[PDB]
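Chemist: Okay, so the sequence shown: first residue is 1 according to PDB author numbering, each after it adds one. Okay, handing you the structure first.
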Amino acid sequence: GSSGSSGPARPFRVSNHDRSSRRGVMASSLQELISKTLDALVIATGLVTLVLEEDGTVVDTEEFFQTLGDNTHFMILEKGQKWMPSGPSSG
Numbered sequence: 001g002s003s004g005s006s007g008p009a010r011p012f013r014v015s016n017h018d019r020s021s022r023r024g025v026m027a028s029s030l031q032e033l034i035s036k037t038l039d040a041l042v043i044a045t046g047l048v049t050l051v052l053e054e055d056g057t058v059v060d061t062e063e064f065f066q067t068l069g070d071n072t073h074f075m076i077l078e079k080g081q082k083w084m085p086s087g088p089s090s091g
């Protein structure tokens, strides 16, 4: 866990609560990604919740993360934030 990667990693997308930012992170597993995302978005704190940017389903399982295709959109939320669908308009 400290160093190294069990096999190749898969590409994935990430977006903040404002569903405005887009960060493409790659990880072999779920745990790895989550850890990366935080670093990418340089989030102030670590306590966060990763979910799907489609329905808002929290991904806390590896078996479910191994099924997700490539460039999978995700949604990060801080201690006190919920997921939200695609806004009807920006303005």
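Every residue gets a Cβ at the ideal spot worked out from N, C-alpha and C, and that includes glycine.
1. Spatial neighbours of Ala-40 within its chain, please: C-beta separation below 6 Å, excluding the five flanking residues on both sides.
2. Taking the alpha-carbon positions, what's the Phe-64 to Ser-90 distance?
3. Rounded to a whole number of angstroms, what is the C-alpha to C-alpha distance between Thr-61 and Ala-9?
4. Mark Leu-38 as exposed unless 16 or more other C-beta atoms lie within 10 angstroms of its C-beta, in which case mark it buried.
5. Out of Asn-16, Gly-7, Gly-1, state which residue places its alpha-carbon closest to the alpha-carbon of residue 94.
Modeler: In this structure, then:
1. The sequence position of residue 40 within the sequence shown is 40, counting from 1. Excluding residues within five positions, the ones whose Cβ falls inside 6 Å are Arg-23, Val-25.
2. The residue labelled residue 64 in the question sits at position 64 within the sequence shown. The residue labelled residue 90 in the question sits at position 90 within the sequence shown. Taking the straight line from one Cα to the other gives about 32 Å.
3. As a first step, residue 61 must be located in the sequence shown, where it is residue number 61. As a first step, residue 9 must be located in the sequence shown, where it is residue number 9. If you take the alpha carbons of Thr-61 and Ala-9, they lie about 17 Å apart.
4. Here residue 38 refers to the residue found at position 38 of the sequence shown. By the neighbour-count rule (16 or more Cβ atoms within 10 Å), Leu-38 is buried.
5. Because the chain spans 1 through 91 in this model, residue 94 falls outside it and cannot be assessed.
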